[PDB]
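Letters go in sequence order (proteins before strands), and every chain restarts at 1. When reading the values below, keep in mind they use all heavy atoms of this one structure, side chains included, and skip hydrogens, waters and symmetry mates.
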Amino acid sequence: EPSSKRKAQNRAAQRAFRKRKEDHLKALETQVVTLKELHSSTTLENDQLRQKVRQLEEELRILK
Amino acid sequence: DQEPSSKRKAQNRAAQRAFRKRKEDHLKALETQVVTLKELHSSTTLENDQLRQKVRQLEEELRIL
DNA sequence: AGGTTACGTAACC
DNA sequence: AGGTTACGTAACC
């Protein structure tokens, strides 16, 4: 059977490990919410930029 | 004394095993989703950078003639 | 070395 | 009722 010191170390190592898993879980939950707002905004900017390119392409098609 | 019955011990084990499974299934799903989202962010950002260049190439071409 | 894998214990709600 | 909260145990690498 593990010594009193090894027992104590296993409890502490698990306490720490358990906390890191919780921190990581919460960090991923926030990343999905953030990366979803980030995706919805950069894709809206791409709509405006592709419409801006379609505008300049016909404006060059006309003036040339 | 106050010790749970053999059947209750078995149920606590089963319930914990099932709880752990659900928690891990959600972990793998999030990990996958965050990867799908990160690569999508990197993809639509490269596109945004291509559209910002295509909006300057066409403005230089429509500035000379 | 002790972080990690792996499963358990039991009160609590 | 048993899912959930809360920690522990120890071998493995």
Side-chain angles (χ1 to χ4, degrees), chain A residues 1-50 52-53 55-63, chain B residues 2-62 64:
Chain A
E1 186 182 20
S3 63
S4 182
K5 289 170 183 286
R6 175 86 266 245
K7 282 185 184 288
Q9 181 173 44
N10 274 323
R11 289 190 294 268
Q14 193 64 206
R15 177 200 318 158
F17 179 90
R18 218 186 283 131
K19 176 153 179 50
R20 283 178 240 126
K21 289 275 159 156
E22 265 310 292
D23 285 344
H24 179 75
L25 176 59
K26 295 171 186 167
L28 286 174
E29 296 289 11
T30 306
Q31 279 185 350
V32 297
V33 179
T34 289
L35 286 164
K36 269 182 166 182
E37 299 170 346
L38 237 185
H39 178 54
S40 193
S41 76
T42 60
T43 292
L44 179 69
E45 191 177 320
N46 287 0
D47 289 346
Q48 302 174 323
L49 291 189
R50 284 192 309 274
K52 175 73 194 309
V53 162
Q55 173 189 310
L56 270 46
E57 283 186 313
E58 192 179 328
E59 193 185 302
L60 179 66
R61 191 266 294 174
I62 293 174
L63 271 50
Chain B
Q2 310 72 14
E3 192 176 39
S5 64
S6 182
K7 288 172 184 287
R8 182 53 177 143
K9 283 178 178 284
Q11 178 172 52
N12 275 319
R13 286 191 298 265
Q16 188 64 201
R17 176 179 166 72
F19 181 92
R20 257 182 254 122
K21 180 59 166 55
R22 290 191 295 276
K23 200 168 189 168
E24 184 54 58
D25 287 342
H26 182 48
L27 193 273
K28 294 179 182 176
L30 268 180
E31 295 285 8
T32 297
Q33 184 183 197
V34 169
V35 161
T36 293
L37 251 40
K38 276 192 175 184
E39 296 180 335
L40 191 60
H41 169 54
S42 186
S43 186
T44 50
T45 289
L46 177 61
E47 189 189 302
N48 174 280
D49 297 338
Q50 294 174 144
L51 265 45
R52 274 186 166 141
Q53 180 184 283
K54 200 57 186 176
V55 79
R56 80 174 59 110
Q57 289 184 344
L58 297 181
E59 279 186 339
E60 183 60 50
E61 196 55 60
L62 190 57
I64 51 181

Test side-chain contact (heavy atoms from CB on, under 4.5 Å), reference B/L37, set A/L35, A/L38, A/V33, output is A/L35
Segment of B/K38 engaging chain A (4.5 angstrom heavy-atom cut-off): both
Any donor and acceptor pair, going by atom type alone, linking the side chain of A/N46 with main-chain N or O of B/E47 inside 3.5 Å? no
Separation of B/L30 CG from A/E29 CD (nearest 0.5 Å): 4.5 Å
Taken to the nearest 0.5 Å, the spacing of B/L62 CG from A/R61 CZ works out to 12.5 Å
Return the minimal non-hydrogen interatomic distance between B/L27 and A/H24, and the atom names on each side. CD2-CD2, 4.4 Å
Residue pair A/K52, B/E59: steps toward the salt bridge (charged side-chain N to carboxylate O under 4.0 Å, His left out) verdict: CA-CA 11 Å; A/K52 175 73 194 309; B/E59 279 186 339; 3.4 Å; yes
